[PDB]
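Before any questions on how it binds or moves, here is one chain, the form deposited in one PDB entry, in structure tokens.
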């Protein structure tokens, strides 16, 4: 039962919250029997240097075998000071230093959410912190640990749980090393698992007929027409929201308003302005 450490960098906690929304039949089992969530600042029992030291003792026992989940980007400016995640006996630990410590020893890293995966909002124009994507930071520092990107702002909980399930099956069938190798096969060029990010929103949109007819809504509350003129970025977005929708299937972005391309590597700047084409 491998340990998981969930490290928050420049995150908003929305990637944690979205996971709390999962109705996946496997979620409880993943947390209670398959893996062990040994560190997560938002929900764990202990605190402070004791929590840090707990993570360290577990990491040592499970060297090469534990998994890291990263939520948020990694800021490199000012010697890492824009994100301190803990302190051990007077010694501050930046996100930079945490990834340098734990990264080399993890079996694999899940970069959850667009911030961790691609930089996202903290890395957007006007930012000053050197917000860096997980894979880029690790590579820049000579750390070759496998990284899987599960983007979205936030991701749908099904994308996080479903990626874990994919890994689970692969590792059961081929072992740790062989399994991770199989997971690599189904990642697109942006490190995203094709089962969830392999299809374009627009190509599968229920309003595509209206798009083709040139029938555009001029107000958000007109649900008949295509949302393209209102700024919908479905045409440039790779996600399966049209199908699984959101929050127990009660709605999704295109039905309610517009798609803002939240799973894409250029989010937000390349998808902005949000409210015009």
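Residues that one form lacks are left out of the comparison. If you superpose the two forms and keep the largest set of C-alpha atoms that fall within 1.5 Å, you have the rigid core. Numbering follows the first chain given and starts at 1.
- Stretches 135 to 143 and 169 to 177 differ in mean C-alpha B factor, with the higher average recorded for 169 to 177.
- Judged by mean Cα B factor in the deposited record, 160 to 168 ranks above the other of 144 to 152 and 160 to 168.
- For the set 101, 188, 128, 71, the PDB entry puts the maximum C-alpha B factor at 188.
- The maximum CA B-factor among the listed residues 261, 9, 14, 25, taken from the PDB record, is found at 25.
- In the PDB entry, a CA B factor belonging to the middle third of its chain's modelled residues is recorded for residue 229.
- Looking at the C-alpha B-factors along this chain, the one for residue 122 belongs to the lowest third.
- Per the PDB record, residue ranking by Cα B-factor puts residue 50 in the lowest third of the chain.
- Residue 215: CA B factor lies in the highest third for its chain, per the PDB record.
- Among all modelled residues in this chain, the alpha-carbon of residue 273 has a temperature factor (C-alpha) in the lowest third.
What comes next is about the form deposited in another entry, which is not displayed.
- Just one of the listed positions, 215, 34, 250, 44, moves its Cα by at least 2 Å between this form and the one not shown when the rigid core is held fixed, and it is 34.
- Between residue 27 and residue 170, the C-alpha separation grows by 3 Å or more in the other form, relative to the conformation displayed.
- Relative to this conformation, a decrease of 3 Å or more in the Cα-Cα distance between residue 18 and residue 26 is found in the other form.
- Listed in sequence order, 25 to 31, 33 to 35 mark where three or more consecutive residues have CA shifts of 2 Å or more between this form and the one not shown on superposition of the core.
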